[PDB]
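Quick heads-up: the structure tokens below are two forms of one chain, split into structure 1 and structure 2.
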Structure 1
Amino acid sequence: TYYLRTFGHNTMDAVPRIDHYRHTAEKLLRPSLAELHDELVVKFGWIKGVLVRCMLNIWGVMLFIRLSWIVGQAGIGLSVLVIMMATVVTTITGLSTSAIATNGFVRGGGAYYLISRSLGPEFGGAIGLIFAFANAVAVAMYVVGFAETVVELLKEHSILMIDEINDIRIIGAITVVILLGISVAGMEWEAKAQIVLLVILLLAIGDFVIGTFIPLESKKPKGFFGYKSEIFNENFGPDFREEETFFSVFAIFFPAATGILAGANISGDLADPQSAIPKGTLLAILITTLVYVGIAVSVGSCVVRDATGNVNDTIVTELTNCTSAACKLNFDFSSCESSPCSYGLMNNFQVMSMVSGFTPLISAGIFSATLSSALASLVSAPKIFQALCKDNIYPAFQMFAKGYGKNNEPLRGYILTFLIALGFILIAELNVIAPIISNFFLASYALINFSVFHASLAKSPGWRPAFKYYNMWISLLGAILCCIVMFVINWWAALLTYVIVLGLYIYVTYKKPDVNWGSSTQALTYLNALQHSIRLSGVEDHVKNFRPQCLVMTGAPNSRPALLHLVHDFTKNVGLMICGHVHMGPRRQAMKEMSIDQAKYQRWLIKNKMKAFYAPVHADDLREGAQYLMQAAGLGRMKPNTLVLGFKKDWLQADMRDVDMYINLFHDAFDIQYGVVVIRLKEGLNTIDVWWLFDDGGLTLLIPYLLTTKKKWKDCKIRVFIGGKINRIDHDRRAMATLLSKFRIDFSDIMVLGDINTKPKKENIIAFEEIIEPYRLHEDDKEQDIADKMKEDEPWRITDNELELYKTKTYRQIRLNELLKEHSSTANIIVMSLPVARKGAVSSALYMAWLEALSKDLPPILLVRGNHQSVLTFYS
């Protein structure tokens, strides 16, 4: 029966499957909500790819040469502490790297890809460039270590080509060329070389361990004695026998702990990360740390610090106190504290190859240790560089993004890193440059830990690490410790690397590349905005804290640029600006139109440096869309309180439905207690005159003050016009002066006008009547059928009863325009009180004609009507 078929076969709705969430690597092409609702070649495992590579990269030129010197200059306990501090740093860094790795599929590159996809392209580009350069230099430094041991073994025998430095450069160039050859040959060959070096190095470590368990009398003159408790108690203690300190020993040891990201830098060639990187990196760190601690302890409890290389030392046991621990085992290697004696645990770096068995085996271990790390860094650098260049963060380096072969191999990057390493090898004296490279590595580790902390601070639902044990405070502590260790090693190198990081960050944030990766920075932006708004929602309103929160019915924010600039003038950095656009038409097309317009106009607002919000709505007409915006726009206490309208210039030649809707917008704004600002200015193209004739709470006074508080209008002086009575001009002038001095509003002059409430000129009244003519109802000259006109061609038709009952207001508007023409004709901008027409008593056409008559033939003028709630105060 079909009752037992595939669920979801008898419906259009699709069951969840991986094909709906897969970008490119289809099935059923998951149905849209409308369709359901609308009316009808080389891959490595974690062992060979991560564990082995990190293992080899960590173990370099120090495990077999300089570690004994460290256990000599500092005690066994102090050496263990030095090891454990860097181990803690690398362990926290590895935990953070794992947490970043288990968040999603990592395409290619290493630490760069993780950092850039975690917290964006600025830190990402900075750390990518710095880490790539650090690996390129580390190639030269490991090769220089190889050259040093080669020339040392040649000088031990009878062989020398040129001066020691020149021979070092000559051999190092050859080895770097050979390493470039192996790297170019491909990744499988690199892996084979890596595993053979791993087995040789493990054999060398076993050789050393077996050697320390078989003491011989030939090495008795040396420091070798074979795990004598006297040596243990003697070497346990900080004997710094030169211009050396604990911090300097830590600075010397720290480069050994690096290389933890060799496996993570291969992510572009791993079978799958999110399973390989975490366990491989953690196991590598654990094993390397255990080996370091064990070998340090063994060499400290088996070799004495000072030793004289002569069989002439005797064990006769003659009369001697010999409080030192050298004599307790025998008289060999004693009393070379007066003059510099040849060797021991403080003057010999070959002691590792001494206390062992087969010494050429230890030399081969040296070669393998220093060459595996160089190969790892030489592979690591171009992968990171190519991953960063594919993103085109720095357009100048686009050439190095190319790949070759079946597996994308950056041969240009290989050539570039080979050239950089070769250049740094010819110098061959890199002890000055080593702290800078260590600080670069530390900066990369610190920003990895900060990446985890920052992604955990922002609470993005898409953070979701698969790897547990990644506490955010532990990662923040790891970043802090990385910075501290960076400063401990060569303070000025740390300052310089901070300078480079900051400069690259600024350059990237100025270039502003067009990439969107869902970084933790954007999530943190959202979280900050939400938390700040929630905090603001609990703040009680107060009069001194009032701001003009303006909703402007600009439609497209491009139609009236000058108007939007003017509104921005008294809103930018003070209050809120919402650009309201109402879209009409069929719903399906209008939704797409709004989606396109939102992006386009928000981008235009950002590009033109406007601090405005775009608020598009869909409604059947302008009035109800404005109703939507005036009822619901905003969030919490950031809702608008003022409606800003551009003057309807074409109302004379337009359908009176449109002007009726304009005036109804006025009425609705007054209905829900909004202030209204009407702006009339010439869109084609020093005093600010404020005619404050009616008390609206002070909005018509507050707007021009905010105008003068900006640099654009800083040179314009506010002068005030108020209404008064003749023969009392000075009294009212002084009252106004004291009133706005209590408001601390700077003014240049106050003009009291007594010519208001006087009949305007005959020509002006004739012109107003001529303008009014085609909108009169003329009920006096008509029969009772005019009531039908009052319900069909209306309520915009102008009646005779209201034209006679409001003739005072009409004359006041005309006379006020005459006064504005006579006085404020040469003002930069005019702010004037906006008349309020009582709803249900004044037709739309009469209101619009009042505004036209009052505003005609004037410089930029603002008609303002406040909410009649107090907006100013003179109380503290």
Structure 2
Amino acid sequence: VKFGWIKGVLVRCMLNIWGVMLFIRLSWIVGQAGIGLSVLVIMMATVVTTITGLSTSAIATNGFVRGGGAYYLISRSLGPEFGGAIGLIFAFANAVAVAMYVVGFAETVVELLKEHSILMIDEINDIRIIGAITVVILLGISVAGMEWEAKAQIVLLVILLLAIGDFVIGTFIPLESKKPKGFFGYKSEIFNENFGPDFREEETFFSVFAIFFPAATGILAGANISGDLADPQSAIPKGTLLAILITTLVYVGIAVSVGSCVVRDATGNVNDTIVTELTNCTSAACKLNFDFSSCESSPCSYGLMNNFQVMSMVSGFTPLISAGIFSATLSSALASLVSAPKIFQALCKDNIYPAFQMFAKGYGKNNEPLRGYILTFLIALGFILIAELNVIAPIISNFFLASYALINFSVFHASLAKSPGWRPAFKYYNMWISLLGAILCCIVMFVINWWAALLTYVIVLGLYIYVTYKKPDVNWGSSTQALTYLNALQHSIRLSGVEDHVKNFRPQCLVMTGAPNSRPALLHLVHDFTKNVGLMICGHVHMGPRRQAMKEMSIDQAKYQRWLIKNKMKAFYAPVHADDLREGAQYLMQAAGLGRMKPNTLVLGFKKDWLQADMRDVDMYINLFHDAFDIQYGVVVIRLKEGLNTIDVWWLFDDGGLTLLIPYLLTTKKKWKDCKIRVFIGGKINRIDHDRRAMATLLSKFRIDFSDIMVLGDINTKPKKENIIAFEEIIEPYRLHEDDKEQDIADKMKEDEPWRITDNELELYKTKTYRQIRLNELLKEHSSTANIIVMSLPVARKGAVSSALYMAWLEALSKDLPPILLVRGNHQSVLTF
């Protein structure tokens, strides 16, 4: 195993390219299109094949390649879905190409048998029998061992080269008996008259090019043996390119030699010699002592345009050329039958399609895919028993063009996504040359057949879609991921370019939910806005040992982010390590995001069970509120029923407009099309008409489309004493009965626990406590039925009120209601203009 670059790559691919076209139809295409146009066709195929060779060389030299060849190269340089689609397409294409080569062999054998006396059953049936027998022999030689395959390849290569040498030496020497058939030894007049094209039949330049192109195919057999190769980096590039050079030179030289020696038209009748009657005919045959005037209006069985096997006749010892044709065709068939199962093996090993897994088995020491050999045997056998392959030839040609085109596109994509890790170490390549190769392959496959190209395109698209939806886990970093990163970075830079405006103010939320999966209810509620309308950073502070915490954080970021992706959530999980909530919250609030994608609101889940929890946590909560207010953030406190007349807005306190913007953003969603926002405001009595008119005008200026505005004048009134005593007994644990108890002891138990609610605080904020209690009462009795409630949260200066008192206010305001969403903004958010 581990073949060298001469044997593994150069011999294998050089043999694969040389096939049926070289010794049979090359002369025919030279006849159909003149020497110049035939060489132009050969050079078109050469440029497409050369760009493909350069691209596959660029991909192959970028690090080790495990195996599977073209599939591995493309699937690692490009995404796994393109890799899988191309792997399946190319595997099937090579499997069919095995049948195509074998049926070419079989029809050559049938022709050699027809010119002899014997014939077995019939041309087509004998083709079927010969093809079946030969595919069985090919399967046997392939499963006998890859070393035996290599020996067969090299012996067939020397046979083919001897055949070409026989042809050229025969071309040097003319023979008197070959004159009637059309052979003259390098006559300049023949070259002159054959330089022009003459397409007597329906064939056109595009038709001849499409017929010739299959000759150029098969260059990836060098790369398709990547698994069993000593050093693909140094083997694939030089071997492939030199093989392309050698085969194209041979093709052009042979075509020019045949076109310059054999006449376009001629009949085998020896009685056509023109002797001493030099007449007024300017045809290139007249001046060469043989007048083939009959072929103008009579069918002749010889000449370039009529005879396919003129290459055999022109060369001395024509049985040797027949053996050469057999060697070329069988070698190409064996190369295809070896290339297809290996690429299929790699494709199934990567398990892009879980349906196909049995064919990845590694029977033998070299991991030979014997089941792949059987599958390719069956495909080739079927396509041979069909026995009529010319109908599907454009299909396979378009499969090959698709594979080459996506190799070129993989090079262009990997080079476009400027990233470390794309270091091919093949200097001779370019982004634009590869892109040109890709577009050239697409136009060529369209030229060959306009509907086969569409069929191939739709098949590739279908496989792409199927793999995308059936996304498997893939470790190999493709150029798609690099391009995603580069696009994200470029778009972020461009966003940093544009200045901010109050019209396009996006709510950018920093949700302090610890474990996102813990409380998905308010997570979805915060997702109702900040979905295609703003970003959503689900922060999370980690506590514990410093150095080791990163490991935990890493796995956490791996888990929760995945969870966010698993649900239809558009949010980023941004973890930090901090000693306490305030430190990590400050980390995030200070340096979260980048560019202009910075959070501007701190969405906080309401701290349920604040009574049971340690009071240090509650004071931490209130200090977090204050920190958010100090850094110019908009706090949003959300209270839900986590275990499990539509939307109400309470524009009690004026701010930039966040308390009104959020309800509107909630309305424009599929869950709540029927929004029907009911707006409320605290207006003095005997002014409700004026306040309602003014608020309706303002809400028309900001197009929010309320349902009906209501004005309340009872918001600041003494509430029912039952609720007052409920609030008092709720606070009772956190009271500071300084007046009742002795001054010294009260000071002692106040300084050690500064969160205690001084009676002075209660006497100063009795009005505010009544306000919150009354707001809760009137809201509960009025809007008991509603799907969302929004209100402006109360705010007190840091240290002015105890954390216990502030949390008591928050809890009393939203004691037991439908989902409530208290809001507070900083700067202007909604603009009439």
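Think of the rigid core as the biggest set of C-alphas that the two forms share within 1.5 Å after superposition. Start at 1 and count along the sequence of structure 1; that gives the residue numbers used here. Only residues modelled in both forms are compared.
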The one residue in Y498, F331, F236, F743 whose CA moves 2 Å or more between the two structures on rigid core superposition is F331
Fitting the rigid core first, would the Cα of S537 be found 2 Å or more away between the two structures?
no
C-alpha of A787: shift of 2 angstroms or more between the two structures, rigid core aligned?
yes
Core-aligned CA displacement of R776 at least 2 Å between the two structures:
yes
Fit the two forms on their core, then tell me the C-alpha shift of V137 between the two structures in angstrom.
0.4
Where the core is superposed, what shift in Å does the CA of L319 undergo between the two structures?
4.9
I need the CA movement of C716 between the two structures once the rigid core is aligned, reported in Å.
2.4
Could you list, in sequence order, the stretches of three or more consecutive residues moving 2 angstroms or more at Cα between the two structures on a rigid core superposition?
331-335, 776-795, 800-802, 868-874
